[PDB]
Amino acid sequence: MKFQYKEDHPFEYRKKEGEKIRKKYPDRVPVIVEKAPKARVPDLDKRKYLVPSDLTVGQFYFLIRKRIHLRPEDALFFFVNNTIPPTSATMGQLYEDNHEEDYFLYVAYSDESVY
């Protein structure tokens, strides 16, 4: 999927951090958020997040739109494992169903509805 976070961090390091943070914060989930390749939108100022497990995917989506300063008129989509996630899922549910072997959840965003 090409996340710069993976390019910058050896797997063993990611897995150790993800396991530790999930044990430490049972009510939060570790999430990497990055702009998809080719997307015509801003990069986020931060890519590594600790997100409340009860926040919904839809709420997190609107928060990300604000953090990249997107006008409400503009398009944006999330991709998790190359799939647009259900907006009513909580971030904890999305994490449980989609975290990688390093215990991080990865979310890409794009102005195009295809990753």
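Residue positions are given as counts along the sequence shown, with the first one as 1. For the two forms, the rigid core is made up of the largest set of C-alpha atoms that agree within 1.5 Å on superposition.
Root mean square Cα distance to the shown form, taken over structures and residues in 7 other deposited structures of this protein after a core fit, is higher for 63-71 when 63-71 and 76-84 are compared. Remark: when the other structures in 7 other deposited structures of this protein are fitted onto this one via the rigid core, 20-28 deviates more than the alternative among 20-28 and 102-110, judged by RMS CA distance. Looking at mean Cα B-factors across 30-38 and 74-82, the upper value is held by 30-38. As recorded in the PDB entry, 2-10 is the stretch of 104-112 and 2-10 with the greater mean C-alpha temperature factor.
Residue 89: CA B factor lies in the middle third for its chain, per the PDB record. Ranked within its chain, residue 44 lands in the highest third, by CA B factor from the PDB record.
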